[PDB]
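> fold the following for me, if possible:
(chains A, B, C, D, E, F, G, H and I, ligands or ions: 1)
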Amino acid sequence: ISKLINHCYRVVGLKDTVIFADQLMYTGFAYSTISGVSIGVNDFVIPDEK
Amino acid sequence: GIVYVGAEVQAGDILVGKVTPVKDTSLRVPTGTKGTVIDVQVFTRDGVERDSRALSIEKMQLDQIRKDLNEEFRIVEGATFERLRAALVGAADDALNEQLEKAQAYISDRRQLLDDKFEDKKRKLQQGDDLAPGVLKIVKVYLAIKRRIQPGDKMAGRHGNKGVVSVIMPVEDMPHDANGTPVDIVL
Amino acid sequence: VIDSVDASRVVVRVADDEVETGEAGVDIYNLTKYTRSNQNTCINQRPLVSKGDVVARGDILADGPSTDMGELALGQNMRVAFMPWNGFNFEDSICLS
Amino acid sequence: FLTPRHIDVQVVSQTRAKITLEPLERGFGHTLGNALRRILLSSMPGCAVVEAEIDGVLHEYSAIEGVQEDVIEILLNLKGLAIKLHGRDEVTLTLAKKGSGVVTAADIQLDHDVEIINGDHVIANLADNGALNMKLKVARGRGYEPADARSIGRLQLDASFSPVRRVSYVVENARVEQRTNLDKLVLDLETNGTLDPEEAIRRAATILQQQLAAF
Amino acid sequence: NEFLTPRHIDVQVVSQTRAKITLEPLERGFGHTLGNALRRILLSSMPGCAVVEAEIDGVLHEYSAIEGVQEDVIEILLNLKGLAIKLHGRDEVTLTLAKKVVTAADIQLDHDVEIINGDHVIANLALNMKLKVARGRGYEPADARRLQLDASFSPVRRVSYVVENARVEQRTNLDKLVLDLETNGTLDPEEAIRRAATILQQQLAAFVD
Amino acid sequence: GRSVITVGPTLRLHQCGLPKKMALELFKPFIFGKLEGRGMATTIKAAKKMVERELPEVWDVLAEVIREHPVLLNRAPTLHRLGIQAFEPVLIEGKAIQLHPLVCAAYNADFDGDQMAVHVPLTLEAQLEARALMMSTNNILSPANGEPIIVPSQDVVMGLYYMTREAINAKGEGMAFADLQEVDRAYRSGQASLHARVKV
Amino acid sequence: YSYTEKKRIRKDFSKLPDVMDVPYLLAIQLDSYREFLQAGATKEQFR
Amino acid sequence: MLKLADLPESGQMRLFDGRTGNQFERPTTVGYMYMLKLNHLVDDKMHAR
RNA sequence: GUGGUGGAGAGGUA
Ligand SMILES: [Mg+2]
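Residues are numbered from 1 along each chain as shown, chains lettered A, B, ... in the order given. See below for the structure:
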């Protein structure tokens, strides 16, 4: 993501760069909210070989 | 010159009636402070008069003390009286009279004890205060504030998980279980 | 045993075993009502016992602030969820119902 | 383009009930279920106690001789009363009691247009010397009305007029014998029991219809 | 009681088929309600006509290799997915194309069917097309029941929504509704919003009074 | 002035939230000038009267003066020029300062209770310096190295990464789309998994 | 069995046995001052 | 205890969005956590000059 | 034609 942002800034410009940044934040927030990503005790997996 | 106890006070409202020469040194609640006055205290140096507020305050204090001690006498005297009435048969001859006299003596002793204690507390109350030099009579007031939790307040659990409450969205927007139960906090 | 209970005071009929010859039942506990802490927070005590309830020495007749009938209750427990919600819990913030 | 007729309601308890809408377009039920859930949880007009005046009290940071609890617990219990207003919006109530006992919603004076659901709701406990006489003015409102947005001795209270507590819904198919391509909506509604679930549904339908009629 | 009942809806026409509508005054909660509801309405249930079947003459299977045209069959089907057709005559029709550059106007038609844009391109020569068009409710992939292809009977190509704060001098925290539309051009987006509104209204006119 | 921070995800990069009371306190001389200008203020005593009572009128002029006036923000430990940045304030009801989540990395400011100090530039010179040189949009790349500093943080990175995954067997894999809008239409319809190998 | 615990009992997940009760917490301060005071003085108070 | 409490074993359930009504695709951790409020309220923090 | 805060100590936040 950092590389893409840096690349876009040097290619497209600055105004469009910040527009892209805001839109990208909006999408990331929205689809992180859609994602049911959560932490539970079952997530930490202890290998049987341990 | 004093706010009535139990008065809602917005910001800047005068609280104490103080006069300078002849200007006024009246006290006002600071800006940003708004609540309800719940208690007032007044203390006066020895050799200075007791204001009607202090007179009234000492009045209900004395009443409270008197009632408490009277009730304490009441319970023990009732216990003793019913114990005596139970020892004696349904309503020897010398023993019952002796027990009644001893009960009366105990009642008188307890009465005089409690009364002496009350006079002692009264005398302790009527005294003035050792206020600071240059202070004739001092007055302090209290306010109660109901701090509702609002966005920005710091909240922290028990495992070193701090946090600042971001927003307060309505109940619908909260994620709800298939049963319809919504959560309160979204960490 | 509790002789009577009010929101401000509590009287306990003291057990005859644990009492002297005279002044048998005398246990007055005046509950500290709303008072100011050093941090300007309220301090008050609440009765947690009814009339005629037998109490042993050392029982908790009334509990003060942040106490729930003898236990220590600092905050409150609510239904919480662990999921990013519209970025309102972005860094460490809390989304509140 | 089927639309539901003769909304069916079944009762679990005087508070809990189920609402079902038999004829619906395919996939449309989840949309309506969410819409109804949000509007019901949002804005139902309800009546809750907003004012409480006790003769012997000045501010609710005090205690009353003979009363087992401080004033704030009394008003908090009083906040959980389920009442109804049949006639006018605003009414004033009265509760007075002297000597020992437990005061519930029964002790309040009833009225022609005023009636109380939870008569078993304990408000306070009284000792022998316990005596209270409290003046209550209540109102019928819509949303959570705090005291700030709302003579000393009159005590304001925070108002949450919403009578609904939990809303749940699910959708299944409706075998109308014409087409199995239909679906049926189950609405699980649980309130304080003050309002008719059918009345709540009709009110929500009117509100939504007006919001759409803004077009 | 009474609520915020706006009337000043506004359509900033960003394109002939792409539009913008806004709703300034609204009570805090209904923003998401109406926005999500209308979005799902436009996605789910707008009656429309689209092609679901085609006959690629000379391509027995989908992955048959065809000639005479530079493009491949997948590109062709993606093209003919894009046409917007209004059928005033029936709810069923099968159209024929035969030529041996391909444009949508190259398809013959009757007084019943109508194609929004015959200028749309499909292929290029160096083509007996028999495709069947039907009417439908929403977006239905052929997987959900050349011989078959996905369908999007809904006329709105894209709809999104967002609620931001609505400023009233003494309310100061309300919801503004913002909607963007992109119709297939077969319908005015503002007219599409009207149609969706009438659908949602006619859903519950039985109980509102 | 200063207050605690609060994440505003509905904030554009160039704008930041602002409590009403801080706004009216800071810009008080501007309010006085505008009120005397438009005419609802003739004496300044009346102006003080309305600002202390906060008539609905004062909010209009307050919003007007705020409208294009950049505001200056900085955290306590300022270790580089990104530690202090200019924003275009947005009035909000509350006591906390709403902040753009992307800028927290530059400020190194988490929302665990950080307090954020505010300032306002007065001269047209200063406001232009803020808008053209210190606006958050102006400074994207780190002065230490050309690497951008307004970078997606934890949650937005999580969302983006989750979107850009692949499931071996997911609903709707292998079927093609004529345009991105078709993909959005299919996914929002719920008939297509968020991450399935597809053609478009 | 205490009266206070009779109103609510916590299910303790302790597997270990309790070998001695937790001592009074504030005794650290309380013993010090009261020893410094020597309130109860014998004919010869504690030296 | 959870299986005794008739609750999902893994301590996680699929929740429903409160605005879109769409169930989140992954089950999330919910439960009851003892939450505190510290003596750092903004009311005494908001200074302005 | 006029407008009202030193130092020390302790604790705490980021
Ligand atoms: Mg921090």
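> helices of chain F, start to end?
With DSSP state H as the definition, chain F shows helices at residue ranges F:20-26, F:28-38, F:44-53, F:56-67, F:104-107, F:124-129, F:154-163, F:180-188.
> closest to RNA strand I out of these?
Closest approach to RNA strand I among the helices of chain F (Cβ to the nearest atom of the strand): helix F:104-107, 9.3 Å. C-beta: built from backbone N, CA, C; applies to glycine.
> mind listing residues that contact that closest one?
Defining contact as Cβ atoms under 8 Å, 6 or more residues apart in numbering or on different chains, one finds that helix F:104-107 is touched by C:90-91, F:5, F:7, F:75, F:82-83, F:85, F:99, F:110-111, F:116, F:139, F:149-151, F:153.
> so which of these belong to strands?
F:5, F:7, F:85, F:99, F:116 (DSSP state E).
> which residues does the third one form beta bridges with?
In other words, residue F:85. Beta bridges link residue F:85 to residue F:73 when assigned by DSSP bridges.
> go on, the fourth one?
Here residue F:99 sits in beta bridges with residue F:7, as judged by DSSP bridges.
> interface residues of chain H facing chain F?
Proximity of chain H to chain F, by Cβ under 8 Å from any Cβ of the partner chain, involves residues H:22, H:25, H:40, H:42, H:43, H:45, H:46, H:47, H:48, H:49.
> try 10 Å this time
Counting by Cβ under 10 Å from any Cβ of the partner chain, the positions of chain H adjacent to chain F are H:20, H:22-23, H:25-26, H:38, H:40-49.
> let me know whether the longest strand along chain H sits next to chain A.
Counting residues, the longest strand found in chain H (DSSP E) is strand H:28-37. Yes - Strand H:28-37 lies within reach of chain A by Cβ under 10 Å from any Cβ, at H:28, H:29, H:30, H:31.
> which strands or helices does whichever strand or helix holds residue C:80 pack on?
Here residue C:80 is covered by strand C:76-82, with elements defined by DSSP states H and E. Applying 3 or more Cβ pairs under 10 Å, 6 or more residues apart in numbering or on different chains; DSSP states H and E, one finds that strand C:76-82 contacts strand B:185-186, strand C:94-96, strand H:28-37.
> packing partners for the second one?
Taking 3+ Cβ pairs under 10 Å, 6+ apart as contact, the helices and strands that strand C:94-96 lies on are strand B:155-156, strand B:165-168, strand B:185-186, strand C:76-82.
> return the most buried member of those strands.
For these, ranked by mean neighbour count under the definition mean count of other Cβ atoms under 10 Å in any protein chain shown, the leader is strand B:185-186 at a mean of 24.
> rewinding a little: the longest strand of chain H pairs with which strands?
Taking DSSP bridges as the criterion, strand H:28-37 sits next to strand B:155-156 (antiparallel), strand C:76-82 (antiparallel), strand H:12-13 (antiparallel) in its sheet.
> residue numbers of chain A in contact with chain F?
Taking Cβ under 10 Å from any Cβ as the measure of proximity, chain A contacts chain F at A:1-10, A:14-15, A:17-19, A:21-22, A:24-37.
> please repeat the previous calculation with a cut-off of 7 Å.
Taking Cβ under 7 Å from any Cβ of the partner chain as the measure of proximity, chain A contacts chain F at A:1-2, A:5-6, A:9, A:17-18, A:21-22, A:24-25, A:28-29, A:31-32, A:35, A:37.
> quick one, what contacts the closest residue to chain B within chain F?
Across chain F, no residue is closer to chain B than residue F:96, which sits at 3.0 Å (Cβ to the nearest Cβ). Contacts of residue F:96 were listed using Cβ atoms under 7 Å, 6 or more residues apart in numbering or on different chains, and they are B:151, B:152, F:3, F:4, F:5, F:6, F:19, H:42.
> make it 10 Å
With contacts defined as Cβ atoms under 10 Å, 6 or more residues apart in numbering or on different chains, residue F:96 is in contact with B:150-153, B:164-167, C:93, F:3-8, F:17-19, F:22, F:111, F:115-116, H:42, H:45-46.
> ok, residue D:79 next?
The contact partners of residue D:79, taken as Cβ under 10 Å, 6+ apart, are D:48, D:49, D:50, D:52, D:157, D:158, D:159, D:160.
> next, residue G:2: secondary structure please.
Each residue gets one of three states, and residue G:2 gets coil by DSSP: H, G, I helix; E, B strand; the rest coil.
> just give the nearest non-adjacent residue to the residue of chain A found nearest chain C, would you?
Among all residues of chain A, residue A:29 sits closest to chain C, at 3.7 Å; criterion: Cβ to the nearest Cβ. In space, residue A:29 comes closest to residue C:87 once its chain neighbours are excluded; the distance is 3.7 Å by Cβ to Cβ, 6 or more residues apart in numbering or on different chains.
> the one you found reaches residue A:25, doesn't it?
Yes - at 7.6 Å, residue C:87 and residue A:25 qualify as touching, with contact defined as Cβ atoms under 10 Å.
> what touches both of these two?
Shared contacts of residue C:87 and residue A:25, defined by Cβ under 10 Å, 6+ apart, comprise F:9, F:101, F:153, F:155, F:156, F:159.
> got TSV for these, with neighbour count and distance to chain G too?
Written out in TSV, the entries for the shared contacts of residue C:87 and residue A:25 read as follows (neighbours: other Cβ atoms under 10 Å in any protein chain shown; distance: Cβ to the nearest Cβ, whole Å):
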residue	neighbour count	distance to chain G
F:9	24	40
F:101	25	40
F:153	19	38
F:155	25	34
F:156	27	39
F:159	26	38
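> restrict the strand or helix carrying residue D:205 to CA atoms and write it as PDB.
Assigning secondary structure by DSSP H and E places residue D:205 in helix D:197-213. Coordinates of the C-alpha atoms in helix D:197-213 are reproduced here as PDB (Å, rounded to 0.1, in the frame of the first residue of the first chain):
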ATOM      1  CA  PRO D 197     -47.500  -4.600  18.400                       C
ATOM      2  CA  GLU D 198     -50.100  -4.100  15.700                       C
ATOM      3  CA  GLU D 199     -50.300  -0.500  16.700                       C
ATOM      4  CA  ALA D 200     -46.500  -0.200  16.600                       C
ATOM      5  CA  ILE D 201     -46.400  -1.800  13.100                       C
ATOM      6  CA  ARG D 202     -49.100   0.500  11.800                       C
ATOM      7  CA  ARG D 203     -47.300   3.600  13.300                       C
ATOM      8  CA  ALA D 204     -44.000   2.500  11.800                       C
ATOM      9  CA  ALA D 205     -45.600   1.900   8.400                       C
ATOM     10  CA  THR D 206     -47.100   5.400   8.500                       C
ATOM     11  CA  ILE D 207     -43.800   7.000   9.400                       C
ATOM     12  CA  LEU D 208     -41.900   5.100   6.700                       C
ATOM     13  CA  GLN D 209     -44.700   5.900   4.100                       C
ATOM     14  CA  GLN D 210     -44.400   9.600   5.000                       C
ATOM     15  CA  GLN D 211     -40.600   9.500   4.700                       C
ATOM     16  CA  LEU D 212     -41.000   7.900   1.200                       C
ATOM     17  CA  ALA D 213     -43.800  10.400   0.400                       C
END
